[PDB]
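Just below is one structure, and these are the notes that go with it.
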Amino acid sequence: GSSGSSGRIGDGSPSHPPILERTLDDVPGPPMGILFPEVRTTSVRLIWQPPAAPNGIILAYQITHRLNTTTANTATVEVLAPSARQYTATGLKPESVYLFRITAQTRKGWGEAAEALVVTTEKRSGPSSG
């Protein structure tokens with residue numbers, strides 16, 4: 001009796017690790033997308049967005065409004081819900097500038113904060129640059 005045989009070898013199969021994999025906890029980042037669509041004298045309304053990298057369930061947010069140039073003791077910051085993308089600021093002095101600091105609240109605390117300035121007036125103005 002007798003017989004023979006033969007074959008060939010080979011292999012290959014690349015892959016990639018899945019993103020969005022937070023092992024540890026940590027406060028969120030700065031809320032980007034701070035634009036002022038509606039801004040009046042003593043009443044403004046800006047809109048922001050959540051941080052692509054929350055790295056933690058948002059419990060709420062904070063919007064600090066104050067006069068960039070004025071006097072006082074502190075700034076009356078307001079806490080928003082974790083499902084708040086926009087906010088309304090009432091009781092602002094016209095013919096001035098206000099700094100809007102947006103922040104989120106997690107199980108760790110308050111992470112980065114997005115600062116956005118907005119003037120109070122009826123005359124629309126926007127240089128757009130930088």
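All residue names refer to the structure tokens as shown: chains lettered A, B, ... in order, residues numbered from 1 in each chain, ligands numbered from 1 in order.
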Surrounding residues of residue 38 (chain A) excluding itself and chain neighbours under 3 positions, 10 Å, only C-alpha atoms, as a list in words: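 Returned residues: residues 35, 43, 44, 45, 46, 47, 88 and 124 of chain A.
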List as JSON, numbers by chain the protein and nucleic acid residues near residue 40 (chain A), meaning an atom at most 7 Å away when only C-alpha atoms are counted, but skip any in the same chain fewer than 4 places from it. {"A": [44, 120, 121, 122]}
Residues flagged strand (DSSP E or B) by DSSP in chain A, as a ChimeraX atom specification: /A:35-39,43-47,60-67,77-80,86-90,97-105,110-119
Write out as number ranges by chain which residues come within 6 Å of region 65-82 of chain A when counting only C-alpha atoms, dropping same-chain ones fewer than 3 positions away. A: 58-62, 97-100
Using Å and a single decimal, report how far CA of residue 55 (chain A) sits from CA of residue 17 (chain A).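 Spanning CA of residue 17 (chain A) to CA of residue 55 (chain A) is a straight-line distance of 17.7 Å.
Residue nearest residue 84 (chain A) within the list A:113, A:108, A:31, A:127: A:31 [criterion: smallest interatomic distance, only C-alpha atoms].
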Quick one: distance from CA of residue 114 (chain A) to CA of residue 50 (chain A) in Å, one decimal?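 We find that CA of residue 114 (chain A) and CA of residue 50 (chain A) lie 10.6 Å from each other.
Across the model, the gap from CA of residue 25 (chain A) to CA of residue 85 (chain A) is 22.5 Å.
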Nearest to residue 123 (chain A) by atom-to-atom distance, counting only C-alpha atoms, from A:105, A:90, A:41, A:83: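 Among A:105, A:90, A:41, A:83, it is A:41 that comes nearest to residue 123 (chain A).
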Selected residue, from A:34, A:130, A:42, A:86, that lies nearest to residue 117 (chain A) when counting only C-alpha atoms: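 Selected residue with least distance to residue 117 (chain A): A:34.
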From the set A:28, A:56, A:37, A:10, which residue has the shortest atom-to-atom contact distance to residue 125 (chain A), counting only C-alpha atoms?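 Checking each candidate against residue 125 (chain A), we get A:37 as the closest.
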For residue 27 (chain A): contacts at 6 Å, only C-alpha atoms, fewer than 6 positions along chain excluded, given as a VMD selection string: chain A and resid 106 108 to 109 111
